[PDB]
Every structure is written in C-alpha cells, then in structure tokens.
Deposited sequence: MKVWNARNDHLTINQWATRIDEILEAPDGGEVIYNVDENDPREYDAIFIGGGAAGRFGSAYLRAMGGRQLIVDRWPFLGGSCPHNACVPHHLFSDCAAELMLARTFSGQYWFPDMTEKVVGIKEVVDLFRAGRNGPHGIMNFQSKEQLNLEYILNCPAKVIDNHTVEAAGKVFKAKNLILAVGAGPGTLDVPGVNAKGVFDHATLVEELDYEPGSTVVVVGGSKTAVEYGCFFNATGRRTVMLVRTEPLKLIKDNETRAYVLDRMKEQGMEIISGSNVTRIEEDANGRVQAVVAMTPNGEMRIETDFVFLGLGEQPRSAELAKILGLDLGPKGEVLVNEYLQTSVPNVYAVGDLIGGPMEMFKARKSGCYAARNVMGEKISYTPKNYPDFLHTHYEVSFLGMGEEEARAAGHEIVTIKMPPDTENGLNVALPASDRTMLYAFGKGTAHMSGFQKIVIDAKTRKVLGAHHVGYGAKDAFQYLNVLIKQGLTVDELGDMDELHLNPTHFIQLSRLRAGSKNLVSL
C-alpha cells in the first residue's frame, strides 16, 4: 500500500493498524537504512533526518515504536498504575469511597489490547507527518550496503524474551511479557508463579499480587540487586512481603507440570531448603531479554560495538547491543549512531544514569548507596526520611502526593515511603539519591544532571522546594547545610 501521498490522522492510523496484511510503503542515496523501527531505529531516523540526511526504516510490525507501545514499557506502566491503585484500595478497603476488597487480569490485559493502537497511531502519524521520515512497515527486512542501497546500516532489531530449558515451558498458561498481551484467553486461578527477580518480574508480579492472587517469585540469585542502598532495598522488599508476596532466593524451576489437557497445573522448583511444588495454572517468566543477533558477538549474544556504535558501515544500537536495556539507551544510541553516520564523530558510553523500577511503589535511584559509599572510603552523612528512631517507619513522614492517606491512616504510616541522600562530608557533594513512593521518578532525571555537575548540600538547600514535595531533599539539606561540620538527619 503506497501511503506516501496519504495523510491519515492519528485515529485513522490507529484504525488502519488494527485492521492490518498489506505492506505499508512510505518512500539522494540513503545515508542509513535502519533494520527495525523501535525506540532506537525511530529516534535515530528522526535525528538523522533532522540533520538533513536520508533514512529508511524497515520493520516487521505495521507500526513504529517497537516493543515499548506493543508489549513492553506502556503495558508495564498500565499494570503498575493498577498495582499502586489496588494496594491503596486494599489498604483502605471498606473505608471512605473504597468498597470491600479478585481483579480480572484478562480484563486489564484486554483494556491494553483494545487501546494500544492509540500509541501506534501516534507513532505512525508523528513519524510521517511531523518527523518527515520514510518507512516500510509490516514487512521483515543482503550485505553491508544492501537490504535498497544505503551508505550505512544501523541494526536496531532489539531483543527477545528469555527462555527456560525445563519440561512444560510450552504448556498453556506459561507467559512472558510479549505473549501475555497476545495469548491470554482465560482468567488465571488464585496462584501465580513468577520466575526471575529483576525489573520485569517484580513489576508484573506486584500487579498479579495486587489483583488478589497468591504470588510466588522464584529468584535464581537475590531479588532487586539493582537497588544498591541496603535500607532502600529492605524497605522495598519489606513492603512487597507485607502485601503477601513470597520471594524465594536461590531457587531454580525444575519442571512445569502439565495436566492432561496440556495446561499448567504446578511448578516444581529446587530451593536452598529443598524441592517444593506450587499448584498454579499461570506462570509468568520475567527473565532477561536476549539480543536478536559476520558480526562479532559478546558472551550473551549482544552485537559488539565500539564507543561510536560501530560493529566489526554497520552500526548497532538499542537492546541489540546489550545492557542497559532502557529507553534512554536505545534512543540515545540510535541518535548517536545517526550523528556518526552523518559525519559527527561522538562517543557514547552510558554511565552514571538514574534508574527506576515499580513494585506497588515507584522506586528511583541514582549514584551510590550508603554502605557502598563508606566501603569506598568516604566520610558520609545521610539525610533521610523517616529518621532512625525507636518508632522506626511508624511515623507520618515522608509524605507527599498519593501517600497522604498512608501517612494519616490508622496503622498505615510505615507505608508512606522511604528516601535518602548520601553526601560526602568533606566535599559536601551529593553522591547518591534514593526514593520509594510516588512522583519522584521524573525529578531524578533532572536531579541526576545537577549531581553530575557537582551538586552540594548547600546548593540543594538553596533551591525553591514545591512543598509538600515527593523528594524532601531540598529542605532537609537546608536544615543541615548551615554547619561547616555536616551531621546526618
């Protein structure tokens, strides 16, 4: 279908994408052909075009934007929203406007499926009409100059879900993030088994638990290693366990038992305390994504690239080059490859970036944890909420938007959140920041920039805080910055 001279609206695009199928054909020599039009390929194309170069995107999906809108970040955020709202409803069940509190997993997945063509339509419309891009969609993509001829290739095919080499892994009722939003044709029973212990497993597991299902996470090593501050990690894990989640470390699935109809009936796992069998008809695999890869490859199948994103005229970007598999990495690697193709030699080594994951809370972190900073030899002070006292977490701070009910409810104050900054006592520089609650994720983007510039506790204290703020760092810093001899709070 030649839609080059066809100007459809966002919602007309959404409809056409749902309908599709025919190849969507929207077409100087090409400076680069992008193999894949996800975050890396789409942003790389946008930047290359904006620089005045010629680009072509070829993707097997009939929409641009890749996994993010179809089965990754967007559905994850919808599920995390549900997890947080459901924790609130269950905590205040039968109080105020809250009714007596099992949420239908399939209805939420079906809501996502019914609405995901909105973002698809925005992607196709914005890419064609506003970003001036050429693309061929709903078509899978010869040599380092041939696909169409181009001066360079930029490989941006992403990564695929990790698999498990155990009997029963293909049983009906085993899902990953990709298949959950394509093949869920029943409502899961009362138990969920989640395999894995990092972001995807924890985010989806907290959603399943929030729907009212007994949720058992089988973690190969130790959960949430990305949270380096020990107290922050312990708060996050403690709140997950209080919600009823069961986290079993050092455990490996031995087999997924199939019933006579081919459906999951149980998971058998080895743990440090021996073998256990969990009855379930629903298993979610939250394992690491695997790059879709004469290129030199790394140990995990990632395509090897130098600091200019060049492989062994062929660049590679995004999840295809391995961790960190985040949207900032995919989009920046795509743009930087495009700039190098267009003659602007610029290196990219992702380092000292902010990070985040969802449980029933938003969990934001950057820089050093407290113990990590001390083990590196720093005199450190910490400024945190709640304070270290005999009352512990059972006090009405920290408190901000979407945490006030916890702060004021009977016996719920410990759920109002946790946060901390780690400060070098000699330089007065902020070395790390950590937050559990809501509404700080966005701030950590900009805070990390200030910290990379050399932010001190005095400079933090001298800012204008928008009370009551998700992060209390500004004013709590101001309470201590008047002393040349810094003291923790």
query	finding
Stretches with no C-alpha atoms in the model, relative to the deposited sequence starting at 1	1-3, 24-29, 37-41, 116-118, 159-160, 167-172, 319-325, 345-346
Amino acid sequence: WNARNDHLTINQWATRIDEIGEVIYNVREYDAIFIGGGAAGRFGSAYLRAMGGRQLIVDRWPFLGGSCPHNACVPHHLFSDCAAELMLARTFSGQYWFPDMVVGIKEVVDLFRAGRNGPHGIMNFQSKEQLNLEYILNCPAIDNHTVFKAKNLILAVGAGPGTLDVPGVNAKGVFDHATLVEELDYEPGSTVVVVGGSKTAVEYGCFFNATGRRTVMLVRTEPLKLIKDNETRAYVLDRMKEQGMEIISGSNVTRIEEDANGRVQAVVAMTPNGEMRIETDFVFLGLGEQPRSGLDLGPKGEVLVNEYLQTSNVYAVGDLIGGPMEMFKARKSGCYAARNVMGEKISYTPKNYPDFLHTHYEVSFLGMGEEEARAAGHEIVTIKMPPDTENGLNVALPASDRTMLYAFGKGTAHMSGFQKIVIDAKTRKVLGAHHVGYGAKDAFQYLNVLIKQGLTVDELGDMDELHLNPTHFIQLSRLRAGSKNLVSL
From here on, numbers count along this sequence of modelled residues.
{"item": "Mean C-alpha B-factor comparison - 61-69 and 437-445, higher one", "value": "61-69"}
{"item": "Entry-level comparison of average CA B-factors, 71-79 and 126-134, reporting the higher stretch", "value": "126-134"}
{"item": "Options 293, 232, 200, 382 - largest CA temperature factor per the record", "value": "293"}
{"item": "Of the residues 299, 398, 262, 387, the one carrying the largest Cα B-factor as recorded", "value": "299"}
{"item": "Among modelled residues of the same chain, the CA temperature factor third for residue 483", "value": "middle"}
{"item": "Ranked C-alpha temperature factor of residue 54 among modelled chain residues, by third", "value": "highest"}
{"item": "Cα B factor band for residue 457 (lowest, middle or highest third within the chain)", "value": "middle"}
{"item": "Chain-wide C-alpha B factor ranking for residue 429, given as lowest, middle or highest third", "value": "lowest"}
{"item": "Among modelled residues of the same chain, the CA temperature factor third for residue 328", "value": "middle"}
